[PDB]
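Just so we're aligned, residue 28 is where the sequence shown starts under the entry's author numbering, counting upward by one. Every residue gets a Cβ at the ideal spot worked out from N, C-alpha and C, and that includes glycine. Step one of this worksheet: look at the structure below.
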Amino acid sequence: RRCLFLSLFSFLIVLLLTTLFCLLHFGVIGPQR
């Protein structure tokens with residue numbers, strides 16, 4: 028059931044999100060909340 032290929036693409040989305048989401052939450056220099 029679990030697709031090892033689709034899963035690999037998921038890690039890229041989870042990381043790409045944590046990059047911006049962290050900058051928005053932490054309020055580093057761009058708190059666009």
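message: Whole angstroms are fine: how far does the CA of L42 sit from the CA of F32?
response: 16 Å
query: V55 by DSSP, collapsed to three states: which one?
result: coil
message: Measuring straight from C-alpha to C-alpha, what distance separates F53 and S34?
response: 28 Å
message: With the cut-off set at 7 Å, would you say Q59 and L51 are in Cβ contact?
response: yes
query: Can you list, in chain order, the residues of its chain whose CB lies under 7 Å from that of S37, leaving out five sequence neighbours each side?
result: none
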